[PDB]
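S.K.: Next comes the structure file start11.cif, holding mmCIF, C-alpha atoms.
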```
data_entry
loop_
_atom_site.label_atom_id
_atom_site.label_comp_id
_atom_site.auth_asym_id
_atom_site.auth_seq_id
_atom_site.Cartn_x
_atom_site.Cartn_y
_atom_site.Cartn_z
CA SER X 22 20.63 -24.88 6.59
CA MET X 23 19.32 -23.86 9.94
CA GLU X 24 20.42 -20.22 9.20
CA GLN X 25 18.11 -20.26 6.07
CA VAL X 26 15.20 -21.56 8.20
CA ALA X 27 15.76 -18.83 10.80
CA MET X 28 15.74 -16.15 8.07
CA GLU X 29 12.54 -17.71 6.72
CA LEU X 30 10.90 -17.52 10.13
CA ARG X 31 11.83 -13.79 10.39
CA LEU X 32 10.25 -13.24 6.89
CA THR X 33 7.16 -15.10 8.03
CA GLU X 34 6.83 -13.06 11.14
CA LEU X 35 7.39 -9.79 9.11
CA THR X 36 4.61 -10.99 6.78
CA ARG X 37 2.30 -11.50 9.78
CA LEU X 38 2.96 -7.97 11.00
CA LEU X 39 2.53 -6.44 7.43
CA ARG X 40 -0.77 -8.32 7.07
CA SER X 41 -2.09 -6.60 10.20
CA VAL X 42 -0.67 -3.22 8.94
CA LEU X 43 -2.36 -3.78 5.55
CA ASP X 44 -5.70 -4.44 7.29
CA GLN X 45 -5.44 -1.38 9.33
CA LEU X 46 -4.56 0.87 6.32
CA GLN X 47 -7.33 -0.59 4.23
CA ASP X 48 -9.84 0.23 6.97
CA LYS X 49 -8.93 3.87 6.36
CA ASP X 50 -10.47 3.51 2.85
CA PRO X 51 -14.04 2.65 3.67
CA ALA X 52 -15.20 3.78 0.21
CA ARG X 53 -13.02 1.01 -1.30
CA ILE X 54 -11.50 3.49 -3.80
CA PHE X 55 -8.10 1.78 -3.55
CA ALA X 56 -9.24 -1.84 -3.24
CA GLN X 57 -8.62 -2.97 -6.82
CA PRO X 58 -6.45 -2.01 -9.86
CA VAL X 59 -7.64 0.85 -11.99
CA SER X 60 -9.44 -0.88 -14.89
CA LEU X 61 -7.71 -0.31 -18.27
CA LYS X 62 -11.02 -1.10 -19.96
CA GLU X 63 -12.66 1.82 -18.07
CA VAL X 64 -9.58 4.17 -18.12
CA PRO X 65 -7.83 3.17 -21.36
CA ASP X 66 -5.24 6.01 -21.16
CA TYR X 67 -4.19 5.20 -17.58
CA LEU X 68 -0.73 3.83 -18.34
CA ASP X 69 0.12 6.92 -20.34
CA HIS X 70 -0.20 8.83 -17.05
CA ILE X 71 0.79 6.35 -14.35
CA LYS X 72 3.80 4.15 -14.88
CA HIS X 73 3.63 1.92 -11.83
CA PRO X 74 -0.07 1.33 -10.86
CA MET X 75 -0.75 -0.01 -7.38
CA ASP X 76 -3.80 -1.03 -5.29
CA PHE X 77 -4.56 -3.00 -2.11
CA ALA X 78 -5.35 -6.29 -3.91
CA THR X 79 -2.04 -6.24 -5.77
CA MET X 80 -0.25 -5.57 -2.42
CA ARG X 81 -2.07 -8.46 -0.77
CA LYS X 82 -0.94 -10.88 -3.57
CA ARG X 83 2.68 -9.80 -3.06
CA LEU X 84 2.33 -10.05 0.75
CA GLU X 85 0.95 -13.61 0.60
CA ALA X 86 3.86 -14.73 -1.58
CA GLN X 87 6.10 -13.23 1.18
CA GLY X 88 7.31 -10.79 -1.38
CA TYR X 89 8.02 -7.83 0.97
CA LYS X 90 11.60 -8.28 2.43
CA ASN X 91 11.34 -5.21 4.69
CA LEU X 92 8.91 -2.44 5.69
CA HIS X 93 10.47 0.04 3.22
CA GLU X 94 9.31 -2.14 0.28
CA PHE X 95 5.77 -2.30 1.69
CA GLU X 96 5.67 1.46 2.27
CA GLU X 97 6.88 2.08 -1.29
CA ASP X 98 3.80 0.24 -2.65
CA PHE X 99 1.45 2.07 -0.23
CA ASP X 100 2.89 5.41 -1.28
CA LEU X 101 2.31 4.51 -4.97
CA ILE X 102 -1.42 3.98 -4.23
CA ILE X 103 -1.67 7.53 -2.78
CA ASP X 104 0.74 9.30 -5.11
CA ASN X 105 -0.68 7.77 -8.37
CA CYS X 106 -4.17 8.97 -7.32
CA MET X 107 -3.06 12.48 -6.42
CA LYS X 108 -1.41 12.85 -9.88
CA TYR X 109 -4.22 11.39 -12.03
CA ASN X 110 -7.12 13.05 -10.23
CA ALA X 111 -7.59 16.77 -9.55
CA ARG X 112 -7.64 18.37 -6.14
CA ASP X 113 -11.43 18.89 -6.23
CA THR X 114 -12.33 15.18 -6.67
CA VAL X 115 -13.55 12.53 -4.29
CA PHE X 116 -10.63 10.35 -5.44
CA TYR X 117 -7.89 12.87 -4.60
CA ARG X 118 -9.55 13.66 -1.30
CA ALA X 119 -9.80 10.00 -0.38
CA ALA X 120 -6.06 9.63 -1.00
CA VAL X 121 -5.19 12.58 1.23
CA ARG X 122 -7.31 11.10 4.05
CA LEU X 123 -5.69 7.69 3.55
CA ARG X 124 -2.20 9.17 3.65
CA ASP X 125 -2.95 11.16 6.86
CA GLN X 126 -4.55 8.28 8.67
CA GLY X 127 -2.10 5.68 7.46
CA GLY X 128 0.86 7.79 8.72
CA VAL X 129 -0.18 7.04 12.27
CA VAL X 130 -0.25 3.27 11.65
CA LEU X 131 3.03 3.25 9.78
CA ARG X 132 4.81 5.21 12.51
CA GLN X 133 4.13 2.46 15.07
CA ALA X 134 4.78 -0.32 12.54
CA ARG X 135 8.31 1.01 12.10
CA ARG X 136 8.94 1.02 15.83
CA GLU X 137 7.62 -2.66 16.02
CA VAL X 138 9.73 -3.87 13.11
CA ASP X 139 12.90 -2.34 14.69
CA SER X 140 11.86 -3.38 18.25
CA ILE X 141 11.09 -7.13 17.50
CA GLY X 142 13.86 -7.07 14.81
#
```
Output the structure of this file as structure tokens.
M.R.:
Amino acid sequence: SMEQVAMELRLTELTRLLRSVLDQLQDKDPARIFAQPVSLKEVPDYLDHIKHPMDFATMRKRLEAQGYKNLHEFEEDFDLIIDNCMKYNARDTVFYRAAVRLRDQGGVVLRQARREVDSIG
């Protein structure tokens, strides 16, 4: 149907906008602390602590399959990156601190992304 095509175009355009958001948030992590999944070979207990691991590569795979239906879903995954890190790592660590800085900086980007998603529809 033409209705199904139109919906698919909206999903494609959302995907374009989330790709640009993802790039912007990842630039706020110049250390690349959140670039890849936590290795279970290197942190064998991780899944005892963290039940839903997340990282920027995993988000990018989902994005490219057009697997985010709305901005809420995308923000959920970004929040998991931050929140997982702040639980696993102590306050005095470079990892925790990197997450705080990513959260603070990413807030700015996400605030305007919401306006744009509502605005363009």
S.K.: Of the candidates X:91, X:114, X:133, X:22, which one gets nearest to residue X:35 if we count only C-alpha atoms?
M.R.: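 Between X:91, X:114, X:133, X:22, the residue approaching residue X:35 most closely is X:91.
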S.K.: Determine, counting all atoms listed in the file, which protein, DNA and RNA residues have an atom within 8 Å of an atom of stretch 121-123 of chain X; residues of the same chain fewer than 4 positions away are not included. Present the result as a PyMOL selection string.
M.R.: chain X and resi 46+49-50+103+107+117+127
S.K.: Taking C-alpha atoms for each residue, export the selection above as a tab-separated table (two decimals), in the frame of the given file.
M.R.:
```
chain	number	residue	atom	x	y	z
X	46	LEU	CA	-4.56	0.87	6.32
X	49	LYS	CA	-8.93	3.87	6.36
X	50	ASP	CA	-10.47	3.51	2.85
X	103	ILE	CA	-1.67	7.53	-2.78
X	107	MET	CA	-3.06	12.48	-6.42
X	117	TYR	CA	-7.89	12.87	-4.60
X	127	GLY	CA	-2.10	5.68	7.46
```
S.K.: Residues at most 12 Å from residue X:57, counting only C-alpha atoms, excluding those fewer than 5 positions away in the same chain, as a list in words?
M.R.: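 So the residues in contact are residues 47, 50, 52, 74, 75, 76, 77, 78, 79, 80, 81, 82 and 102 of chain X.
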S.K.: If I take atom CA of residue X:115 and atom CA of residue X:93, how far is one from the other in Å, to one decimal?
M.R.: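 Value for the atom CA of residue X:115-atom CA of residue X:93 distance: 28.1 Å.
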S.K.: Just to confirm, what's the straight-line distance from atom CA of residue X:118 to atom CA of residue X:40 in Å (one decimal)?
M.R.: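 For atom CA of residue X:118 relative to atom CA of residue X:40, the distance reads 25.1 Å.
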